[PDB]
Amino acid sequence: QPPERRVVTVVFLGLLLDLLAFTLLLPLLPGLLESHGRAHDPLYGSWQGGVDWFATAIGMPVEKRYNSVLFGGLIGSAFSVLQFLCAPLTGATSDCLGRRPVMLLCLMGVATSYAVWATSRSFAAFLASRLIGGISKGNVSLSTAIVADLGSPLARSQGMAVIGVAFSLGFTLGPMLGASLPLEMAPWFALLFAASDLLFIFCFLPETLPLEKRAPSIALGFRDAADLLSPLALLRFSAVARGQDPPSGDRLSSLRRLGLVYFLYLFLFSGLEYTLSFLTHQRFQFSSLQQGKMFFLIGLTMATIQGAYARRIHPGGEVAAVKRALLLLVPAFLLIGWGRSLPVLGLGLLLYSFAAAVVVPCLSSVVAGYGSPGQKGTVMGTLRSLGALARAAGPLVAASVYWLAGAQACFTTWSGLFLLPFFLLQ
Ligand SMILES: CCCCCCCC/C=C\CCCCCCCC(=O)OC[C@H](O)CO
């Protein structure tokens, strides 16, 4: 096929190898925390002390699986703070040095993250592994940047859809494999996928930013440092607005508006998506195995919609499809929030899947069309960073309201707040 097919193919297979490696360990995390608690790990005990303080503050009942999910949520949140910190820098660096050298630095970091975990099963090794993997998770935003390097709006909108399929397939099949593996072998499979991704990208990712299109600098002074690290400067896209041939006027307002909608969407969606672990236990007494089955079906529907519908939306129709998805999430979360049987829960999950499939891909696709050739890493790095900030705060704030106000209070209120990104877009 053309050179555009070849790059997206390499980006997709690389990213799927990456996401299998990460998601593989997620169904095992409950057992690994429980092991540390049971060995009296005094560092574990520190963090358990923090989760406890939080559990007391929000009024969360004392129960093994409620603790497991809350601890997994603090851990998930700390990790997203690392992704937020590093995504703009990694982007700006690649704008200046090319996509391939920075993609490869990031993958050596991810491979090293799994080398560490492989060697030691302590809470310390766990956090050391998460820290390194966290600061090296720019490979994700570099994938979106590489798609944004492509020539046509069509190339880009389909590229972002294909990345959507990677995340949906990765988050589906990874935990499936992990729970099928003997625990000893799991960190070895993560390593195999992470080393495979590194080697695959080394041999097959073509460069999509030529030397004569690159940003002259990463950051010259403290104001440029702050442009990559301040949540408000990342919302205002100040790093992009201060680059070579940047967007200005109406074009720069639009970029900011898509970013605010992106952040708000993911703040709300990531919160309800996390607290669905509370709702399916508390209301329907789902085992974590049954939560496995449910997220599996969600991921498969999402990959189908992403591959089949999201990927076929005519360039120019991204925004119309996002507005329709944000409206669909109002009934979707009302049905989940209030449903007292599996048919009603099921209907809300189906709408959840159709709507979530479209939003991240369609918005990335429109955002990717902004910035000059040497700013694609800074634009998509800034977008990923806003998502990371959103997935950092979303779970914690939804957990507070879920336990302080109850499932209905949280799911009704978050449902209402979806009209904020809907109206910001219209
Ligand atoms: C380019 C970089 C190359 C790679 C550089 C590697 C750096 C990794 C450093 C520290 C993490 C290792 C932590 C090892 C944990 C030691 C064991 C421990 O903490 O105690 C065991 C626990 O009490 C019960 O098993």
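The analysis underlying the following values was restricted to heavy atoms, covering all of them including side chains, and did not include hydrogens, waters or symmetry mates. Start at 1 with the first residue, then count along the sequence.
- Residues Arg256 and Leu235 have side chains not in contact (no heavy-atom distance under 4.5 Å, counting atoms from C-beta outward).
- Residues satisfying the side chain to side chain contact (heavy atoms under 4.5 Å, CB included) test with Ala368, not counting sequence neighbours, are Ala148, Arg156, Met160, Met380.
- Around atom CZ of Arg236, no more than 12 heavy atoms belonging to other residues, nucleotides or ligands sit under 6.0 Å away.
- Between the side chains of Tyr402 and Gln282, at least one donor N or O lies within less than 3.5 Å of an accepting N or O.
- For the 3.5 Å distance criterion, the side chains of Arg311 and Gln306 fail to qualify, holding no donor opposite an acceptor.
- Side-chain contact between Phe418 and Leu327 is absent, with no heavy atoms from C-beta onward closer than 4.5 Å.
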- Item | Chi angles and distances behind the ring-ring contact (aromatic ring centres under 6.0 Å, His included) call for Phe123, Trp47 | CA-CA 10 Å; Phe123 189 56; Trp47 279 63; 5.7 Å; yes

- Message: Evaluate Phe354 against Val358 for side chain to side chain contact (heavy atoms under 4.5 Å, CB included), listing each step before the verdict.
- Response: CA-CA 7 Å; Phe354 285 20; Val358 164; over 6 Å; no

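- Taking the side chain to side chain contact (heavy atoms under 4.5 Å, CB included) definition, one finds that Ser372 meets it with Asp245, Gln375, sequence neighbours left out.
- Counting all heavy atoms, side chain and backbone alike, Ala161 lies closest to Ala310 at CB-C, 4.2 Å.
- Side-chain contact between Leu70 and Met60: present, with at least one pair of heavy atoms (C-beta onward) separated by less than 4.5 Å.
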- Could you give me the CA-CA distance, side-chain angles and deciding distance for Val165 and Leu16, then say whether side chain to side chain contact (heavy atoms under 4.5 Å, CB included) is met? CA-CA 9 Å; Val165 176; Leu16 186 58; over 6 Å; no

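- Side-chain contact of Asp52 with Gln48: a donor-acceptor pair under 3.5 Å is present, judged by distance alone.
- Checked against side chain to side chain contact (heavy atoms under 4.5 Å, CB included), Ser341 has the following partners two or more places apart in sequence or in another chain: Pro343, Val344.
- Of the charged side-chain nitrogens involved, none lies within less than 4.0 Å of a carboxylate oxygen, so that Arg121 and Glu184 do not count as a salt-bridged pair.
- Residue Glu318 comes nearest to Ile313 through the heavy atom pair OE2-O, 3.7 Å, listed as atom of the first residue, atom of the second, then distance.
- Using a 4.5 Å heavy-atom threshold, the side chains of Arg384 and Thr144 count as separate.
- Checked against the 6.0 Å centroid criterion, the rings of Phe84 and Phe79 do not qualify as a close aromatic pair.
- Between the OG atom in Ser143 and the CG atom in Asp18 there is a gap of 8.0 Å [rounded to 0.5 Å].
- The two residues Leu383 and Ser364 have their closest heavy-atom pair at CD2-CA, 3.8 Å.
- Taking CG of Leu173 as the reference point, atom CZ of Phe171 lies at 12.0 Å (rounded to 0.5 Å).
- If you check the side chains of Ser94 and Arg99, you find a donor sitting under 3.5 Å from an acceptor.
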Distance-only check: which donor-acceptor pairs under 3.5 Å involve side-chain atoms of residues 259-271, not counting sequence neighbours?
from, atom 1, to, atom 2, distance (Å)
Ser270, OG, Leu266, O, 2.8
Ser270, OG, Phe267, O, 3.4

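- Between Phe237 atom CZ and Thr378 atom OG1 the span is 11.0 Å, to the nearest 0.5 Å.
- The ring pair (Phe, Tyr, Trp, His ring centres under 6.0 Å) contacts involving residues 102-121 comprise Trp117-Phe126, where partners must be two or more places apart or lie in separate chains.
- Closest heavy-atom contact between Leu329 and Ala355: CD2-CB, 3.4 Å.
- Taking the side chain as every heavy atom from C-beta outward, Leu82 and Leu131 approach each other to under 4.5 Å.
- Here the options are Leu205, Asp197, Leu142, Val102, the test is side-chain contact (heavy atoms from CB on, under 4.5 Å), and the partner is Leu107; only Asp197 passes.
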- Give the intermediate values and the outcome of side chain to side chain contact (heavy atoms under 4.5 Å, CB included) for residues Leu425 and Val322. CA-CA 9 Å; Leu425 219 48; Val322 174; 3.6 Å; yes

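- To the nearest 0.5 Å, atoms CG (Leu335) and CG (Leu347) are separated by 5.0 Å.
- Between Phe286 and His281, the distance from one ring center to the other does not fall under 6.0 angstrom.
- Scanning all heavy atoms of the two residues, the minimum distance from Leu191 to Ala115 falls at CD1-N, 4.0 Å.
- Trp338 is linked by a side chain to side chain contact (heavy atoms under 4.5 Å, CB included) to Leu334, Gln408, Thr412, counting only residues two or more places apart in sequence or in another chain.
- Using bins of under 30°, 30° to 60° and over 60° for the plane-to-plane angle, the ring pair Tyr44/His36 lands in the tilted bin.
- Inter-residue side-chain proximity for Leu74 and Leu396 is flagged as met; some heavy-atom pair is nearer than 4.5 Å.
- A salt bridge links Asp227 with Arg242: the distance from a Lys NZ or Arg NE/NH1/NH2 to an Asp or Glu carboxylate oxygen falls below 4.0 Å.
- In this structure, the side chain of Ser129 engages the main chain of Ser113 through a donor-acceptor pair within 3.5 Å.
- In this structure, CZ in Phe167 is found 10.0 Å from OG1 in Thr23, a value given to the nearest 0.5 Å.
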- Message: side chain to side chain contact (heavy atoms under 4.5 Å, CB included) for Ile163 and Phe12? Distances and angles first, verdict last.
- Response: CA-CA 6 Å; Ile163 280 167; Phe12 163 87; over 6 Å; no

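- The closest side-chain heavy-atom distance from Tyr370 to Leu258 is below 4.5 Å.
- Listed for the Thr90 side chain is no donor-acceptor partner under 3.5 Å among the backbone atoms of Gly138.
- Rounded to the nearest 0.5 Å, atoms CG (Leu276) and CD1 (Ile298) are 6.0 Å apart.
- Residues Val7 and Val11 have side chains in contact (heavy-atom distance under 4.5 Å, counting atoms from C-beta outward).
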